[PDB]
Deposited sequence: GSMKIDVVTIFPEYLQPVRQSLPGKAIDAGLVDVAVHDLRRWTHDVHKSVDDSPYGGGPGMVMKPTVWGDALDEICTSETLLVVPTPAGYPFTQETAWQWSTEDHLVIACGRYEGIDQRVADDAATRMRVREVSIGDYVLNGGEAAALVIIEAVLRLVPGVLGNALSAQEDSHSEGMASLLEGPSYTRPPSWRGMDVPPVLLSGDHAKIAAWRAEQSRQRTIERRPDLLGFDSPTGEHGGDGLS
């Protein structure tokens, strides 16, 4: 049974929304719980100058101290990360404890991850080559890709269902043929063509 703790300054964003079949426990934590000042400050100007802000190490350090254990896998979504793939989702789906640290894309002070890595496994990962303001949406994607793999190539080609004719377009007759070896071969070719057209990187 899996535990997922998410830490964010936008807890409402990650409020689950009604799969509660008691398979996984997901807890969301407001990062401001661990701030030190009356202003509940979570970021500060970057050393070396430049735009935006960097999230404070003292605040994140306290949060992870309380939430993480030696058994924890710490997930840090960031555009500067290793790629998050289906292989990753599969690996993480058998973990007991995931902690996802959501930060603004300018980043969390690197000493946070570096320190955590001396006591637990840390994975900095990117869900894609685009920039988001913060890690929250990436966290939703990771949570969904991982949890759907918990009990309870080529591209896929087009799919079809009833009715057999709709707005002048017929379902490919082969799909209604009852020749299942031929259907497989047809689907294989559709996958080849679609992969060539949309994702030539997948063919080498």
> Numbering the deposited sequence from 1, which residue ranges have no coordinates here?
Replying inline: 1, 20-26, 161-178, 231-244
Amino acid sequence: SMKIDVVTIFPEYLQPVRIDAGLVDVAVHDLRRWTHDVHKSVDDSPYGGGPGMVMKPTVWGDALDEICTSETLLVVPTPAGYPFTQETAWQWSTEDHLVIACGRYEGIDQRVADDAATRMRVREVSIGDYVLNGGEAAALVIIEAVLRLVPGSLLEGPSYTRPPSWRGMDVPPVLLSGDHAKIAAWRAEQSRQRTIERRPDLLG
From here on, numbers count along this sequence of modelled residues.
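Definition used throughout: the rigid core is the maximal C-alpha set that superposes within 1.5 Å between two forms.
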> Comparing 78-86 with 98-106, which has C-alphas lying farther from the shown form in 9 other deposited structures of this protein once the core is aligned?
Replying inline: 98-106
>> Can you check if residue 22 is missing its coordinates in at least one third of the other PDB entries compared, counting only those that model the residues either side of it?
In response: yes
> Would 138-146 or 50-58 have the larger average of its C-alpha temperature factors, as given in the entry?
Replying inline: 50-58
>> Quick check: 24-32 versus 154-162, which has the larger average CA B-factor in the record?
In response: 24-32
>> Taking only the Cα B-factors deposited for this chain, tell me whether residue 174 sits in the lowest, middle or highest third.
In response: middle
> What third of the chain, by the recorded C-alpha B-factor, contains residue 95?
Replying inline: highest
> What third of its chain's C-alpha B-factors does residue 182 belong to: lowest, middle or highest?
Replying inline: lowest
